[PDB]
Each structure stands twice: as C-alpha cells, then as structure tokens.
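Asker: What follows is a structure written as structure tokens; I'll ask about it next.
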Amino acid sequence: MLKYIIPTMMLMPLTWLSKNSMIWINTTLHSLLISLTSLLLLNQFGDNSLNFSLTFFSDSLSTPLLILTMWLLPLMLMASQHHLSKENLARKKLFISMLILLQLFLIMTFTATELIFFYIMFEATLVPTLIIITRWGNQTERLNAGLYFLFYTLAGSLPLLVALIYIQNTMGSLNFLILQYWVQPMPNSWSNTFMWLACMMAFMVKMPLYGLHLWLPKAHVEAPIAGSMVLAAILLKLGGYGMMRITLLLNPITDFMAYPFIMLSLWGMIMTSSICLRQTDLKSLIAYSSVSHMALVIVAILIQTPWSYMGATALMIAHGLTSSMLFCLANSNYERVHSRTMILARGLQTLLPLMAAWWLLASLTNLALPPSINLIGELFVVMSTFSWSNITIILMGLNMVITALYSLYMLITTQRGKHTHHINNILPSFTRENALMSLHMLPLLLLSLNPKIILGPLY
Amino acid sequence: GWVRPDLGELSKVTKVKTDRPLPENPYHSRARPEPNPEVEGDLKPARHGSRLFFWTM
Ligand SMILES: CCCCCCCCCCCCCCCCCC(=O)OC[C@H](COP(=O)([O-])OC[C@H](O)COP(=O)([O-])OC[C@H](COC(=O)CCCCCCCCCCCCCCCCC)OC(=O)CCCCCCCCCCCCCCCCC)OC(=O)CCCCCCCCCCCCCCCCC
Ligand SMILES: CCCCCCCCCCCCCCCCCC(=O)OC[C@H](COP(=O)([O-])OC[C@H](O)COP(=O)([O-])OC[C@H](COC(=O)CCCCCCCCCCCCCCCCC)OC(=O)CCCCCCCCCCCCCCCCC)OC(=O)CCCCCCCCCCCCCCCCC
C-alpha cells in the first residue's frame with residue numbers, strides 16, 4: 001500500500017514548492033493521477049484478501065473506500081478553490097496540506113492490518129478535520145461544532161482503546177488476519193457486555209447512531225465545502241468499516257446485544273427523515289439525510305447477514321458519492337446567495353437549467369432510484385432486514401416514502417416554483433461547478449453498469 | 001628477673017599455639033539461599049523486533 005502512501009506524501013512538496021498561481025492545478029493533477037492509480041487495488045480474489053505486507057492489506061471492503069478516498073481529494077480541491085481565492089497564500093497551502101494529510105490518514109486507516117494502528121489512524125483523521133472546520137468554517141458557532149465533534153469522537157473512542165488492548169493481551173494479536181482464525185465465542189456476561197459496548201459505541205458515534213448524532217448537523221453545517229464533503233463521504237464510513245472489522249470478535253453476544261441499537265437505528269431513520277422534511281437549512285437537510293441513510297448501514301451491520309453487508313458497503317459508497325454531490329450543489333447556491341436558507345432563493349431552474357439537471361440527478365440518487373447502487377444498497381438492506389424480522393418492512397417502506405418526500409421537496413424548493421424577485425446576483429453556472437457535479441455523478445452512474453466491485457468481501 | 005616491657009611491645013599482635021579446633025560455624029549460620037541463575041549464551045537478535053502492536057522492528 002506504500003505505492004499510494006508515498007505519492008500522497010509527495011503531494012506535500014508538490015503543494016509547498018509550487019508557484020503561487022499553480023498550487024491548485026498541480027495538486028488537482030497529481031491527485032487525479034493518484035486516483036487513476038488507485039484502481040490497481042481491484043486485484044481481489046474470491047477466497048483470499050489482497051494481503052500486501054505485515055502492516056497493510058486490502059480486502060473487497062476497504063478497496064472501494066480507498067478508491068472513493070483517493071478520488072475525493074481532487075473534487076475537494078475543485079470545490080474549495082473559489083471561496084479561498086482571497087485567502088493568504090500560506091494559509092491556502094496549509095488548507096491543501098490539511099486535505100492531503102487527511103487523505104494520508106484515511107488511506108492507511110482503511111488498510112490497517114492491525115487494529116490499534118487502525119485506532120491510531122482512525123483518531124488521527126479527526127485533527128485535520130478539526131483544523132478544517134474550526135479554521136476555515138463560516139459562522140460564529142464553528143468552534144462549538146468542532147468541540148462537540150472532538151468530544152463525541154474521543155469519548156466514544158476511549159473505551160475502544162482499552163477494549164483493543166484487552167484483545168491484544170488476551171488473544172495475542174490485533175492483526176485482523178490472525179483474529180480471523182483465532183476468534184473465540186464471546187459468551188453472555190456483564191464483562192463481555194461492556195466489552196461489546198466498548199468495541200461498538202465509538203463507531204456508533206462515527207456512523208452516527210440516532211441519539212449520538214447531534215455532533216453531525218453542526219459539524220457538517222459549520223464546515224467549509226471540502227470539510228463537509230470529506231465528512232459525509234469518508235469520515236462517516238470509518239464507523240461502518242470499523243464495525244465490519246470488529247463484529248468478527250463480538251460473536252455471539254451481538255445476536256442479543258444488538259437489539260436496542262437496531263431499535264435506535266430503525267426508529268431514527270424515521271425520525272431524522274421526518275426532521276429532513278422540516279429543515280429551513282439546506283446543508284442541515286443534507287446532514288440529517290446522511291444520518292437517516294447511515295442508520296440503515298448500522299442495522300445491516302448489526303444483523304450480520306451476507307446480503308446485509310453487501311447492501312451496507314454498496315450503500316456506503318453510493319451515499320458517499322451522492323451526499324458529496326448534494327453538499328457541492330448547496331455550496332454552488334451558497335456562493336451566490338450567501339445564505340443556507342432553503343426557502344430564500346427558489347425557481348433556480350428558470351436561471352440555471354443544467355445545474356437543475358444535476359440537482360435532479362442527485363435528488364433521484366438520493367431517493368434510491370433503480371438501477372443505481374443507491375437502490376442496490378437500500379434494497380439489499382431491506383431484503384436482509386425482512387429476513388431478520390418480517391415486521392421491519394413497515395419501517396423500511398415508511399422510511400423510503402419519507403426519503404423520496406424530502407428529496408423531491410428539496411428539489412421543488414431549491415429548483416422550482418417562482419424565483420425570488422429581490423435576488424439578482426445569480427450567476428450562470430461556471431465550468432468548475434459543472435465539472436464538480438459531473439465528476440460526482442458520472443462515476444456513480446458508471447458504477448451501476450458494473451456494481452460488483454463495490455459489494456464487499458462476501459460478494 | 002622480670003624485665004618491664006618496652007614502649008610498643010605489649011600492644012603487638014602475637015601468635016598462639018592452640019590444641020582446640022577452630023570453630024567452623026561460630027555464627028551458627030544456616031544454609032545460604034541459592035543464588036538466581038546468571039545469564040549465559042550469546043545474544044541473538046529480537047525475534048521479529050520490538051513486537052509492540054505493529055512495529056515490525
Ligand atoms: C462504460 C461505458 C458507458 C457508455 C454509456 C454511458 C452509460 C451512462 C452514463 C451516464 C449517461 C448520462 C450522462 C449525462 C447526463 C447528465 C447531464 C445532463 O443531463 O446533461 C444534459 C445534456 C444534454 O441536455 P441539454 O438540452 O443540453 O441540457 C439539459 C437541460 O439543462 C435540462 O436538463 P434535463 O432535466 O432535461 O436533463 C436531465 C435528464 C433528467 O432525466 C431524468 O430525470 C429521467 C431519468 C430517470 C428515468 C429514466 C431512466 C430510468 C432507469 C432505466 C434506464 C437504465 C437501465 C436500462 C437497461 C434496461 C433495463 C434494466 O437526464 C438526462 O437526460 C440523462 C439521460 C440518461 C439518464 C440515466 C439515468 C439517470 C437517472 C438517475 C439514476 C438512475 C439509476 C442509474 C441508471 C444508470 C444507467 C447507466 O447531456 C449531455 O450533454 C451529455 C454529455 C455526454 C455524457 C457522457 C456520459 C458518459 C460519461 C462517462 C465517461 C467514461 C466512460 C465513457 C463513456 C462515454 C459515452 C459517450
Ligand atoms: C543495498 C544497500 C542500500 C539499500 C537501500 C534501500 C532503500 C533505498 C532508499 C533509501 C531510503 C530508505 C527510506 C526508508 C525505507 C522505506 C520505509 C517505509 O516506507 O516503510 C513502510 C512502512 C511500513 O510498511 P510495510 O509495507 O510494512 O514495510 C515496507 C518495508 O519493509 C519497510 O521496512 P520495515 O518493515 O523494516 O520498516 C521498519 C518499520 C516499519 O513500520 C512499521 O513497523 C509500522 C509503524 C510505522 C509508524 C506508524 C506511526 C503511526 C502514527 C504516527 C503517524 C505520523 C503522521 C504521518 C506523517 C505525516 C507527515 C509528516 O519502520 C518504522 O516503524 C519507522 C517509522 C516510520 C518511518 C518510515 C520511514 C520514513 C523515512 C522517510 C521519512 C520522510 C517523511 C515521511 C512522513 C513521516 C512518517 C512516515 O509504512 C508506514 O509505516 C506508512 C508510512 C510511510 C512510510 C514512509 C515512506 C518513506 C518515503 C517517503 C517519501 C515521501 C516524502 C515526502 C516529504 C515528507 C513528508 C511530507
């Protein structure tokens with residue numbers, strides 16, 4: 001995996017040694033080259049995981065997340081180079097360096113063979129996101145956004161640190177490949193109960209679980225665009241990745257300890273979708289939609305059937321692309337009206353038709369329109385939960401109803417109706433903005449043609 | 001015929017011929033504890049390094 005870590009680290013002399021007008025072009029170009037190279041991780045096998053070294057491996061779960069991570073960096077560079085156009089040159093290079101350092105921590109978070117190195121990288125990803133939110137954020141409450149970001153993600157991860165070292169002292173190793181073959185059945189006891197909670201609540205915060213989700217509609221709202229993109233596309237998915245690694249060790253105590261968290265996620269996907277139906281803030285609507293879609297991923301990990309894990313990894317990749325595109329659309333209108341109020345500027349198809357087409361595509365992929373991989377993930381999680389309990393189809397279908405409702409209400413409110421009379425700075429769509437929308441949507445549309453690469457280790 | 005000893009003589013350390021045996025254990029010390037075994041053998045390198053969680057050296 002070192003052949004991607006070293007070009008990611010060479011992006012730092014590539015961004016600090018550039019000409020002052022060339023720092024976006026060079027970083028965009030070479031991060032696109034690294035993302036071109038990221039497809040060499042697709043050397044997967046039906047029996048064996050692609051085990052590089054003692055430190056790194058990449059099975060079919062980490063591989064689409066790595067391609068998505070290495071693809072998201074040029075899109076963040078394109079998205080952030082307008083609102084930072086009046087920034088200091090040194091602060092601009094520091095922003096680019098925080099994005100590169102975050103990519104560096106992510107691409108060896110997903111390839112961590114050993115779980116405490118996963119923990120070190122998994123908590124190292126906070127600090128660039130911390131600096132991005134609480135340096136280049138927008139309004140006054142960006143410091144309360146990162147404070148509840150840093151507190152929730154560390155108070156959940158702190159019992160995880162004791163839990164992984166307890167596995168280290170008892171089993172002998174935190175290699176995932178070793179613990180595939182040395183896993184013991186975890187019985188029913190109170191010690192094993194708090195063991196399960198310590199191993200799970202960190203990723204429950206990072207997904208987020210309903211009830212633990214209150215950091216997210218402030219950390220996504222008060223972030224700049226690259227921060228919101230990476231938060232909704234990768235940093236939520238670190239929790240699903242960690243759960244799919246850690247529920248190997250938590251059997252069969254999961255089969256009766258997962259019930260209250262299955263109830264929390266199955267009801268919070270209804271609650272947060274209803275909350276999306278009544279958001280005045282567009283970026284908050286996309287944030288609560290992200291919570292509502294990750295609740296299904298929590299359910300599919302906690303019921304641990306093969307169809308559930310396939311649907312959960314498909315839904316993580318699909319939702320990463322879709323929510324990144326929706327935040328970029330919301331920023332494209334925030335760069336014109338300077339407000340995130342959704343009811344402020346309406347009728348924008350009368351002024352921006354092609355951007356309204358990108359809004360339509362992102363809304364249709366939001367509500368899981370077939371044959372997108374959004375619907376593949378949504379549908380497989382619904383199949384596995386119907387197998388889990390037949391009564392859960394009511395909550396699943398009701399969630400899908402409310403999902404289509406808030407998706408098309410966002411489409412109607414932002415794009416349709418009568419336009420606003422007292423707003424006259426609505427520029428034509430730049431080539432950069434449509435390039436950003438197309439580089440989101442076209443990979444998402446192409447992954448419907450060959451969906452098997454994003455269906456995880458047990459396709 | 002007794003000559004008084006000169007200055008220095010009565011403080012000399014003399015030798016005494018005895019016919020009693022030397023006390024082999026005047027302190028009545030019991031058996032001493034056996035010492036901890038020392039290290040012996042050459043120093044091979046650490047098997048796969050520090051073994052600290054993921055550090056391969
Ligand atoms: C690997 C090789 C692959 C080759 C084939 C490519 C495969 C598909 C890739 C994507 C294709 C579409 C991409 C462009 C459309 C988006 C932008 C747009 O609308 O621009 C308008 C513009 C023309 O319009 P305009 O009049 O100038 O302006 C529009 C107005 O602003 C007003 O705007 P508007 O509202 O009138 O227009 C928006 C309209 C809005 O239309 C709708 O809302 C209706 C669509 C939903 C209902 C109908 C479809 C339902 C699903 C069934 C069909 C799929 C399965 C079929 C198979 C059999 C059944 C299973 O969308 C369209 O007209 C697009 C038609 C195609 C829609 C595809 C599905 C999108 C729905 C959401 C996701 C659904 C699930 C995923 C499906 C994936 C299929 C592959 O289009 C272009 O300029 C196109 C540019 C070239 C596109 C190249 C695409 C390939 C890129 C990949 C590169 C790498 C591989 C190389 C391939 C090269 C091929 C040449
Ligand atoms: C014939 C006679 C002549 C022969 C010459 C042969 C060589 C020719 C070239 C001469 C130069 C050789 C250089 C060292 C050899 C390569 C070492 C290596 O890649 O180890 C892989 C090492 C383990 O991978 P592997 O596949 O298991 O082992 C492959 C080999 O067997 C590795 O061997 P190993 O398994 O025996 O390694 C032992 C162990 C292997 O490692 C482990 O056991 C895993 C634990 C490693 C530490 C993880 C700490 C995590 C928490 C802290 C994270 C810090 C933030 C990250 C950095 C932020 C930015 C500064 O090493 C360590 O624990 C040392 C600590 C990590 C330092 C690695 C060497 C760095 C040298 C250059 C530093 C330049 C700045 C780079 C950024 C600083 C951080 C790396 O990779 C990592 O740990 C990931 C990080 C990447 C490593 C550094 C890459 C070096 C080249 C950087 C070029 C770009 C610089 C850009 C500008 C500055 C930065 C902005």
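Residues in the structure tokens are numbered from 1 in each chain, the chains being A, B, ... in the order shown, and ligands are numbered from 1 in the order shown.
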Per residue of chain B within 8 Å of chain A, which atom pair is closest and at what distance in Å (one decimal), using only C-alpha atoms, listed by chain and increasing number, as a tab-separated table?
Answerer:
residue	atom	partner	partner_atom	distance
B:53	CA	A:116	CA	7.1
B:54	CA	A:114	CA	6.5
B:56	CA	A:54	CA	7.7
Asker: Check which residues fall inside 7 Å of ligand 2 when counting only C-alpha atoms and all ligand atoms, and print them as a ChimeraX atom specification.
Answerer: /A:1-2,5-7,9-10,12-13,52-56,101,117,120-121 /B:54-57
Asker: Would you mind exporting the chosen residues as a PDB file, in the first residue's frame, restricted to N, CA and C atoms?
Answerer:
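Saved result, again.pdb, follows:
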ATOM      1  N   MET A   1       0.795  -1.196   0.000  1.00  0.00           N
ATOM      2  CA  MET A   1       0.000   0.000   0.000  1.00  0.00           C
ATOM      3  C   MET A   1       0.839   1.262   0.000  1.00  0.00           C
ATOM      4  N   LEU A   2       2.137   1.019  -0.051  1.00  0.00           N
ATOM      5  CA  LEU A   2       3.135   2.045   0.144  1.00  0.00           C
ATOM      6  C   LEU A   2       3.265   2.872  -1.121  1.00  0.00           C
ATOM      7  N   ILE A   5       0.809   5.576  -0.415  1.00  0.00           N
ATOM      8  CA  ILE A   5       1.157   6.426   0.712  1.00  0.00           C
ATOM      9  C   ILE A   5       2.266   7.393   0.323  1.00  0.00           C
ATOM     10  N   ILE A   6       3.257   6.919  -0.424  1.00  0.00           N
ATOM     11  CA  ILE A   6       4.374   7.771  -0.836  1.00  0.00           C
ATOM     12  C   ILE A   6       3.976   8.855  -1.849  1.00  0.00           C
ATOM     13  N   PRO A   7       3.127   8.624  -2.871  1.00  0.00           N
ATOM     14  CA  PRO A   7       2.662   9.778  -3.668  1.00  0.00           C
ATOM     15  C   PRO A   7       1.766  10.741  -2.907  1.00  0.00           C
ATOM     16  N   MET A   9       2.266  11.466   0.206  1.00  0.00           N
ATOM     17  CA  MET A   9       3.207  12.301   0.943  1.00  0.00           C
ATOM     18  C   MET A   9       4.013  13.202   0.026  1.00  0.00           C
ATOM     19  N   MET A  10       4.199  12.815  -1.234  1.00  0.00           N
ATOM     20  CA  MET A  10       4.855  13.692  -2.191  1.00  0.00           C
ATOM     21  C   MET A  10       3.932  14.781  -2.706  1.00  0.00           C
ATOM     22  N   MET A  12       2.786  16.787  -0.583  1.00  0.00           N
ATOM     23  CA  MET A  12       3.186  17.914   0.264  1.00  0.00           C
ATOM     24  C   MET A  12       4.307  18.759  -0.348  1.00  0.00           C
ATOM     25  N   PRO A  13       5.429  18.204  -0.858  1.00  0.00           N
ATOM     26  CA  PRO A  13       6.347  19.073  -1.609  1.00  0.00           C
ATOM     27  C   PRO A  13       5.777  19.525  -2.931  1.00  0.00           C
ATOM     28  N   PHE A  52      -0.912  -7.250   1.439  1.00  0.00           N
ATOM     29  CA  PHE A  52       0.338  -6.695   0.927  1.00  0.00           C
ATOM     30  C   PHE A  52       1.518  -7.032   1.824  1.00  0.00           C
ATOM     31  N   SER A  53       1.490  -6.549   3.059  1.00  0.00           N
ATOM     32  CA  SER A  53       2.631  -6.643   3.947  1.00  0.00           C
ATOM     33  C   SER A  53       2.127  -6.994   5.337  1.00  0.00           C
ATOM     34  N   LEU A  54       3.031  -6.921   6.313  1.00  0.00           N
ATOM     35  CA  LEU A  54       2.652  -7.123   7.705  1.00  0.00           C
ATOM     36  C   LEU A  54       1.761  -6.000   8.208  1.00  0.00           C
ATOM     37  N   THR A  55       1.897  -4.807   7.635  1.00  0.00           N
ATOM     38  CA  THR A  55       1.197  -3.623   8.102  1.00  0.00           C
ATOM     39  C   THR A  55      -0.086  -3.352   7.326  1.00  0.00           C
ATOM     40  N   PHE A  56      -0.152  -3.728   6.049  1.00  0.00           N
ATOM     41  CA  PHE A  56      -1.269  -3.329   5.205  1.00  0.00           C
ATOM     42  C   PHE A  56      -1.882  -4.512   4.472  1.00  0.00           C
ATOM     43  N   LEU A 101      -3.073  15.594   4.204  1.00  0.00           N
ATOM     44  CA  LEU A 101      -2.781  14.846   5.419  1.00  0.00           C
ATOM     45  C   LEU A 101      -3.976  14.024   5.871  1.00  0.00           C
ATOM     46  N   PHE A 117      -3.370   0.068  15.113  1.00  0.00           N
ATOM     47  CA  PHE A 117      -2.933   1.011  14.094  1.00  0.00           C
ATOM     48  C   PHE A 117      -4.127   1.599  13.357  1.00  0.00           C
ATOM     49  N   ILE A 120      -5.178   4.277  15.829  1.00  0.00           N
ATOM     50  CA  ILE A 120      -4.319   5.457  15.777  1.00  0.00           C
ATOM     51  C   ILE A 120      -4.626   6.291  14.542  1.00  0.00           C
ATOM     52  N   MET A 121      -4.794   5.648  13.385  1.00  0.00           N
ATOM     53  CA  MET A 121      -5.170   6.390  12.184  1.00  0.00           C
ATOM     54  C   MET A 121      -6.606   6.896  12.244  1.00  0.00           C
TER      55      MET A 121
ATOM     56  N   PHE B  54       2.412  -3.258  16.248  1.00  0.00           N
ATOM     57  CA  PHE B  54       2.503  -3.257  14.794  1.00  0.00           C
ATOM     58  C   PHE B  54       3.877  -2.828  14.319  1.00  0.00           C
ATOM     59  N   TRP B  55       4.751  -2.461  15.245  1.00  0.00           N
ATOM     60  CA  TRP B  55       6.080  -2.025  14.860  1.00  0.00           C
ATOM     61  C   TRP B  55       6.921  -3.253  14.562  1.00  0.00           C
ATOM     62  N   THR B  56       7.228  -3.448  13.284  1.00  0.00           N
ATOM     63  CA  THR B  56       7.908  -4.647  12.825  1.00  0.00           C
ATOM     64  C   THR B  56       9.385  -4.683  13.191  1.00  0.00           C
ATOM     65  N   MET B  57       9.965  -3.573  13.633  1.00  0.00           N
ATOM     66  CA  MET B  57      11.341  -3.596  14.121  1.00  0.00           C
ATOM     67  C   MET B  57      11.422  -3.104  15.561  1.00  0.00           C
TER      68      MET B  57
END
Asker: Ligand 1: which residues are within 6 Å, counting only C-alpha atoms and all ligand atoms, as a VMD selection string?
Answerer: chain A and resid 353 to 354 357 361 364 to 365 369 to 372 442 445 to 446 448 to 449
Asker: Write the selection just made, keeping N, CA, C and O atoms, as a JSON list (two decimals), in the first residue's frame?
Answerer:
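Saved the output as selection_27.json:
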[["chain", "number", "residue", "atom", "x", "y", "z"],
["A", 353, "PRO", "N", -30.50, 25.98, -15.78],
["A", 353, "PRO", "CA", -31.15, 24.72, -16.19],
["A", 353, "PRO", "C", -30.26, 23.49, -16.06],
["A", 353, "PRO", "O", -30.74, 22.43, -15.64],
["A", 354, "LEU", "N", -28.98, 23.61, -16.41],
["A", 354, "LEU", "CA", -28.09, 22.45, -16.35],
["A", 354, "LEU", "C", -27.76, 22.09, -14.91],
["A", 354, "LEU", "O", -27.70, 20.90, -14.56],
["A", 357, "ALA", "N", -30.54, 20.21, -13.71],
["A", 357, "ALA", "CA", -30.44, 18.81, -14.09],
["A", 357, "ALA", "C", -29.52, 18.03, -13.15],
["A", 357, "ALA", "O", -29.81, 16.87, -12.82],
["A", 361, "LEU", "N", -30.57, 14.83, -10.83],
["A", 361, "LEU", "CA", -29.87, 13.56, -10.76],
["A", 361, "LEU", "C", -29.45, 13.23, -9.33],
["A", 361, "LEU", "O", -29.57, 12.07, -8.89],
["A", 364, "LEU", "N", -32.58, 12.17, -7.46],
["A", 364, "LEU", "CA", -33.04, 10.83, -7.81],
["A", 364, "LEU", "C", -32.13, 9.77, -7.23],
["A", 364, "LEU", "O", -32.60, 8.71, -6.79],
["A", 365, "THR", "N", -30.82, 10.03, -7.19],
["A", 365, "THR", "CA", -29.94, 9.11, -6.49],
["A", 365, "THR", "C", -30.08, 9.20, -4.98],
["A", 365, "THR", "O", -29.75, 8.24, -4.29],
["A", 369, "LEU", "N", -33.20, 5.64, -6.63],
["A", 369, "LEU", "CA", -33.85, 5.28, -7.88],
["A", 369, "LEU", "C", -33.09, 4.15, -8.56],
["A", 369, "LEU", "O", -31.88, 4.27, -8.77],
["A", 370, "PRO", "N", -33.76, 3.04, -8.91],
["A", 370, "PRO", "CA", -33.07, 1.97, -9.62],
["A", 370, "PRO", "C", -32.73, 2.37, -11.03],
["A", 370, "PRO", "O", -33.40, 3.24, -11.63],
["A", 371, "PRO", "N", -31.70, 1.76, -11.65],
["A", 371, "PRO", "CA", -30.76, 0.77, -11.11],
["A", 371, "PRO", "C", -29.50, 1.33, -10.49],
["A", 371, "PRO", "O", -28.44, 0.76, -10.73],
["A", 372, "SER", "N", -29.59, 2.42, -9.73],
["A", 372, "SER", "CA", -28.39, 2.97, -9.11],
["A", 372, "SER", "C", -27.93, 2.07, -7.97],
["A", 372, "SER", "O", -28.68, 1.25, -7.45],
["A", 442, "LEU", "N", -21.11, 11.10, -12.71],
["A", 442, "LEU", "CA", -20.69, 10.12, -13.71],
["A", 442, "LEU", "C", -20.00, 8.88, -13.14],
["A", 442, "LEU", "O", -20.27, 7.79, -13.67],
["A", 445, "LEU", "N", -22.99, 6.93, -11.76],
["A", 445, "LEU", "CA", -23.78, 6.32, -12.82],
["A", 445, "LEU", "C", -23.04, 5.16, -13.48],
["A", 445, "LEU", "O", -23.68, 4.18, -13.88],
["A", 446, "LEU", "N", -21.72, 5.25, -13.60],
["A", 446, "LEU", "CA", -20.96, 4.15, -14.19],
["A", 446, "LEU", "C", -20.91, 2.94, -13.27],
["A", 446, "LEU", "O", -20.87, 1.81, -13.76],
["A", 448, "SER", "N", -23.28, 1.69, -11.70],
["A", 448, "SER", "CA", -24.46, 0.87, -11.92],
["A", 448, "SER", "C", -24.22, -0.17, -13.01],
["A", 448, "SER", "O", -24.87, -1.22, -13.01],
["A", 449, "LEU", "N", -23.30, 0.11, -13.93],
["A", 449, "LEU", "CA", -23.03, -0.83, -15.01],
["A", 449, "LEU", "C", -22.26, -2.04, -14.52],
["A", 449, "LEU", "O", -22.48, -3.15, -15.01]]
Asker: Could you tell me how far CA of residue 287 (chain A) lies from CA of residue 313 (chain A), in Å and to one decimal?
Answerer: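 Taking CA of residue 287 (chain A) and CA of residue 313 (chain A), their separation equals 19.5 Å.
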Asker: If you run DSSP over the backbone, which residues in region 39-266 of chain A end up alpha helix (DSSP H)? Put them as a PyMOL selection string.
Answerer: chain A and resi 62-80+89-107+115-124+126-136+142-171+176-179+190-206+216-219+225-230+237-246+254-257+259-266
Asker: Extract, using only C-alpha atoms, all DNA, RNA and protein residues at most 9 Å from region 424-429 of chain A, discarding same-chain residues fewer than 3 positions from it, and format them as a PyMOL selection string.
Answerer: chain A and resi 332-333+336-337+348+351-352+354-355+420-421+432-434
Asker: With a distance cut-off of 10 Å and only C-alpha atoms, select the neighbouring residues of region 240-245 of chain A, excluding the residue or stretch itself and same-chain residues fewer than 3 positions from it, and output the selection as JSON, numbers by chain.
Answerer: {"A": [61, 62, 65, 109, 110, 115, 118, 119, 122, 176, 180, 199, 200, 201, 202, 203, 204, 206, 207, 208, 234, 235, 236, 237, 248, 249, 250, 294, 297, 298, 300, 301, 302, 304, 309, 312, 313, 316]}
Asker: Neighbours of residue 459 (chain A) within 9 Å (only C-alpha atoms; same-chain residues fewer than 6 positions away dropped), as a PyMOL selection string?
Answerer: chain A and resi 46+60+306-307+310+452-453
Asker: Would you save the residues from that selection as a compact mmCIF listing (two decimals), in the first residue's frame, using N, CA and C atoms?
Answerer:
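Final file, part-v1.txt:
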# COMPACT_ATOMS: atom_id res chain seq x y z
N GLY A 46 -11.64 -14.50 -4.87
CA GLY A 46 -12.86 -14.98 -4.24
C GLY A 46 -12.65 -15.65 -2.90
N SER A 60 -12.05 -6.65 -0.17
CA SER A 60 -13.02 -6.02 -1.05
C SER A 60 -13.93 -5.04 -0.33
N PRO A 306 -25.01 -11.98 4.95
CA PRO A 306 -24.22 -11.58 3.77
C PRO A 306 -24.86 -10.51 2.89
N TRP A 307 -26.16 -10.64 2.62
CA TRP A 307 -26.91 -9.62 1.90
C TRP A 307 -26.87 -8.27 2.61
N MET A 310 -23.31 -6.76 2.03
CA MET A 310 -23.23 -6.31 0.64
C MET A 310 -24.01 -5.02 0.42
N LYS A 452 -20.36 -4.95 -9.07
CA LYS A 452 -19.79 -5.99 -8.24
C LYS A 452 -18.52 -5.57 -7.53
N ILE A 453 -17.90 -4.46 -7.94
CA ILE A 453 -16.66 -4.05 -7.29
C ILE A 453 -16.92 -3.32 -5.99
Asker: Between A:323, A:341, A:263, A:440, which is the closest to residue 303 (chain A) once you count only C-alpha atoms?
Answerer: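 Among the listed residues, the smallest separation from residue 303 (chain A) belongs to A:263.
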Asker: Using only C-alpha atoms, pick whichever of A:318, A:68, A:155, A:14 has the shortest atom-to-atom distance to residue 97 (chain A).
Answerer: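 Residue with the minimum atom-to-atom distance to residue 97 (chain A): A:14.
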Asker: To one decimal place, how far is CA of residue 225 (chain A) from CA of residue 264 (chain A) in Å?
Answerer: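 Spanning CA of residue 225 (chain A) to CA of residue 264 (chain A) is a straight-line distance of 29.7 Å.
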Asker: What does the distance from CA of residue 277 (chain A) to CA of residue 406 (chain A) come to in Å, to one decimal?
Answerer: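 Separation between CA of residue 277 (chain A) and CA of residue 406 (chain A): 5.1 Å.
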Asker: Check the DSSP output for the backbone and give back, as a list in words, the residues of region 42-116 of chain A in strand (DSSP E).
Answerer: residues 50, 51, 57 and 58 of chain A
Asker: Store the residues picked out above in a file with N, CA and C atoms, as a compact mmCIF listing (two decimals), in the first residue's frame.
Answerer:
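The result, stored in selection39.txt:
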# COMPACT_ATOMS: atom_id res chain seq x y z
N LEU A 50 -6.35 -9.27 -0.51
CA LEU A 50 -5.10 -8.79 -1.10
C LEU A 50 -4.21 -8.30 0.04
N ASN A 51 -3.36 -9.20 0.52
CA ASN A 51 -2.58 -9.00 1.73
C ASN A 51 -1.18 -8.55 1.32
N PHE A 57 -3.21 -4.48 4.34
CA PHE A 57 -3.93 -5.39 3.46
C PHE A 57 -5.12 -4.63 2.90
N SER A 58 -5.75 -5.19 1.88
CA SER A 58 -6.92 -4.54 1.30
C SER A 58 -7.85 -5.62 0.76
